[PDB]
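Single-letter residue listing:
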Amino acid sequence: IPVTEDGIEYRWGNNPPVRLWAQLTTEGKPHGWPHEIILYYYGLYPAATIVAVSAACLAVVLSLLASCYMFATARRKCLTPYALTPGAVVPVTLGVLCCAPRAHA
Amino acid sequence: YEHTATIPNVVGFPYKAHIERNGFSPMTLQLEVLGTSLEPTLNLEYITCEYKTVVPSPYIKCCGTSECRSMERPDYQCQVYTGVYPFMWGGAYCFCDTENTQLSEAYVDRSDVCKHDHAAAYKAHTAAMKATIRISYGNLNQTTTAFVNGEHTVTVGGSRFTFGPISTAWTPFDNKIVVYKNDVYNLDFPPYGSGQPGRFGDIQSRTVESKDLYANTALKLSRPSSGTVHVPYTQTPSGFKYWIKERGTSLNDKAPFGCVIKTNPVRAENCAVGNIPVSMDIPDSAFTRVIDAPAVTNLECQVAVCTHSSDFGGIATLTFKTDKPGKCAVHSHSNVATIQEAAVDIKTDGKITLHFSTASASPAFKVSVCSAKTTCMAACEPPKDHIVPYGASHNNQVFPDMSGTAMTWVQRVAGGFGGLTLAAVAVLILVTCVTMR
Ligand SMILES: *[C@@H]1O[C@H](CO)[C@@H](O)[C@H](O)[C@H]1NC(C)=O
């Protein structure tokens, strides 16, 4: 039979009713290394916790992609004009790897 | 001094209510719910029972002349037969053959055990709920009985209590019900107009006064054979017996909140739903002034173990300087964790022990001593791992503290990942402002 945090009754023959409900139980260390906190938080309330993990992962990847795109746009607006002009080079001393416009010579 | 509070409607669950009027030492109230019940309104539409097929002795008349009549008692079947030649142990009686009159009549009536073995039907309506409450405070401990309706009082002493309207009404009863020998069912019965011959309430007679015994049991007579005397008829079996035989799965095992049902005033007892409000007025003579038991000084807390969620695992120690010994009320301000012990005395040593309980893993409750209050957080790791044979003693709200000590690093790594984007935005703004010129 299943049992949850609400309660389960008994009627086996003519015995008086018996009332039981489940504990909070679960396994894993709840104040330890990162790869048991998720296990503890997942064993209790199995639903909506993997949803939380997925949402956190989505936020992290969105942040990483946004930072990368902003850096790329900043680099382009930084030193696209030096790719223009007839000939010419990068100042190097003013900037060589701070904006990283390295493309042969 | 009126005060308001709300209590979950759970039997066998202590409740704490701390009164903190200024100019006096704050005190606590212990609330206990002891067997609340609920009672609906009844209407007693009609009654059902078995039927007796009253059939008198058959009428043989040896002249051949017909004789038909019809009185007003229920469901006569006026049938007359001709050309019958009955037999009898004396060989035969009379002489004329093929010219005889058989008059056979029958009807239905109630049974002898209709007074006892009958079943009743009722209609649901607005329902009022009993509430037996135990109240205690300093040197006072008393039970009472209220209505938890819009208005009622208790007057346990100089103080009065009013239990406001119920939060909701998820009554197990609904529309129409059937009551029969310490049991009820949510079975829709046919109306008083008519009923199918055999389903249920084939007799839909009214109250036990036995007036206008309606019946639709579909009698039908038949022509007797030539062998001997007969009274043949066709009669479907009583639907009351079939309904008793099938029965099954009474409403006692169908309450959507485990609400044990009784039958004397057709009541349902010991079920939890919603919460009950309360407003109490306490006289000024029920407590001492602030000149008694000043125990503020400084104050710090420590936690030994927090084996939580079962009965009480939060063993906490409180240390503080204080004046002369005396009583001191204690409670918890936040509802994350709750304590058991009411007002507790203080000795000159200044060390006391408390037993709290919670459902989370990083509680951040604020234990308040009868005049002071301090923050108190615990490292509540150990999850008890069994299945409990008794009730719960805490709120079901579980959530780690926003500051806490468990998920701090998760919050800080998320903040760092956001900070990289913030720095990227800032450097982009700087670059675009520089290149705009
Ligand atoms: C109130 O009195 C009853 C008397 O039987 C007792 O069982 C109960 O424990 C008392 N209440 C408290 C809080 O001690």
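Residues numbered from 1 in each chain as written, not as in the entry; some residues may be left out. Chains lettered and ligands numbered in written order. Part of a larger assembly, values for the part shown. Heavy atoms only, no water.

Per the deposition metadata, cryo-EM was the technique used to determine this entry, at a resolution of 4.04 Å.

K.L.:
Just give me the short version of the overall build of chain B, but keep the residues and values in it.
P.N.:
Secondary structure assignment for chain B yields two helices and 28 strands. Here the C-alpha atoms of chain B give a radius of gyration of 39 Å, more than 25% beyond the 22 Å that 2.2 N^0.38 yields for 437 residues. Counting every position in chain B, which comprises 437 residues, the buried fraction comes to 34%. Restricting to contacts in chain B with at least 6 residues of sequence separation, those with at least 24 account for 66%. When the accessible surface of chain B is totalled, it reaches about 25,300 Å², and 56% of it is carbon and sulfur. In chain B, 36 side chains carry a positive charge and 37 a negative one; their mean positions are 3 Å apart. (Helix = DSSP H or I, 4+ residues; strand = E, 2+ residues; numbered from the N terminus. Rg over C-alpha atoms; globule rule 2.2 N^0.38 Å. Buried < 20%, exposed > 50% of the residue type's maximum accessible area, 1.4 Å probe, protein only. Contact = heavy atoms within 4.5 Å. Areas by Shrake-Rupley, 256 points an atom, 1.4 Å probe, with all protein chains shown as cover. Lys, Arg positive; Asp, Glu negative; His and termini not counted. Charge placed at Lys NZ, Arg CZ, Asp CG, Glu CD.)

K.L.:
Tell me what's going on with the side chain of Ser 357 of chain B, and back it up with residues and numbers.
P.N.:
Position of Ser 357 of chain B among the secondary structure elements: in strand β27 (residues 351–358). Those residues within four positions of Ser 357 of chain B in sequence are excluded, and the remaining contacts are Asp 311, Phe 312, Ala 337, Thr 338 and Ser 393 of chain B.

K.L.:
A description of the sheet that holds strand β13 (residues 133–137) of chain B should follow, citing residues and the corresponding values.
P.N.:
Residues and elements named next belong to chain B. What the four strands build is an open sheet, ordered β2-β3-β13-β14; its pairing is antiparallel. The strands lining the two open edges of the sheet, one partner per strand, are β2 (15–19) and β14 (140–143). In this sheet, neighbouring strand axes are inclined to one another by 20° on average, regardless of whether the strands run parallel or antiparallel. (Pairing = 2+ DSSP bridges. Axes fitted to C-alpha atoms, helices over the stretch in contact; angles between N-to-C directions.)

K.L.:
Tell me about the sheet that holds strand β9 (residues 101–104) of chain B, residues and numbers included.
P.N.:
Residues and elements named next belong to chain B. On the basis of which strands lie adjacent, the open sheet formed by three strands has the order β7-β9-β8 and antiparallel pairing. The open sheet has two free edges, formed respectively by β7 (59–61) and β8 (79–82), since each of these has just one partner strand. Mean inter-strand twist for the sheet, computed between neighbouring axes without regard to direction, equals 20°. Where β7 lies against β9, three bridges are found, and the strand directions are antiparallel. The partner of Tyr 59 across the bridge, within β9, is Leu 103.

K.L.:
Can you break down a nonpolar patch on the surface residue by residue, with the values?
P.N.:
Residues and elements named next belong to chain A. A cluster of nonpolar residues, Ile 38, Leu 39, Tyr 42, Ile 50, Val 51 and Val 53, forms a patch on the protein surface that exposes about 560 Å² of accessible area. The set of elements that each furnish at least two residues to the nonpolar patch consists of α1 (34–43) and α2 (49–79). Relative to the helices and strands, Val 53 is located in helix α2. Taking relative accessible area as the criterion, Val 53 reaches 35% and is therefore assigned partly exposed. (Patch = residues over 30% accessible without salt bridge, like charges linked within 9 Å, V, L, I, M, F, W, Y side chains within 5 Å. Salt bridge = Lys/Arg side-chain N within 4 Å of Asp/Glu carboxyl O.)

K.L.:
Account for the interface of chain B and chain A, naming residues and giving values.
P.N.:
Between chain B and chain A, the contact holds 35 residues from the first and 24 residues from the second. Carbon and sulfur atoms supply 65% of the area buried between chain B and chain A, which totals about 2,400 Å² over both sides. It is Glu 381, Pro 383 and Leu 428 of chain B in chain B that bury the most area against chain A; as a group they hold 17% of the surface buried on that side. Viewed at the interface, chain A and chain B are joined by zero salt bridges. The tally of links between chain B and chain A comes to five residue pairs in polar contact. If you tally residues by element for the side of chain B that touches chain A, the top one is helix α2 (residues 408–436) of chain B, at ten residues. Residue composition of the side of chain B that touches chain A, by class: 19 nonpolar, 13 polar and three charged. (Buried area = accessible area lost by both parts, 1.4 Å probe. Polar contact = N/O pair within 3.5 Å; in protein donor to acceptor, adjacent residues only side chain to side chain. Nonpolar A, V, L, I, M, F, W, Y, C, P; charged D, E, K, R; others polar.)

K.L.:
Provide a residue-level description of the nonpolar core, including the pertinent values.
P.N.:
All names here are of chain B. Ranked by internal contacts, the top residues of the largest apolar core, which has 26 residues, are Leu 29, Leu 31, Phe 161 and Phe 163. Contributions of two or more residues to this core are made by β1 (2–8), β2, β3 (27–33), β13, β15 (160–163) and β22 (275–281). Counting residues per element, this core draws most heavily on β3, at four residues. In this structure, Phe 163 is in contact with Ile 133, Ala 146, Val 148, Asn 149, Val 154, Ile 276, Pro 277 and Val 278, ignoring residues within four places of it in sequence. (Core = buried A, V, L, I, M, F, W, Y, C linked by side-chain atoms within 4.5 Å.)

K.L.:
Which residues make up the pattern of salt bridges, and what values do they have?
P.N.:
Where charged atoms from two side chains of opposite charge approach closely, those side chains can pair. Applying the stated criterion across every chain yields a total of five salt bridges over all chains. Between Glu 269 of chain B and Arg 267 of chain B there is a salt bridge; the shortest N-O distance is 4.0 Å.

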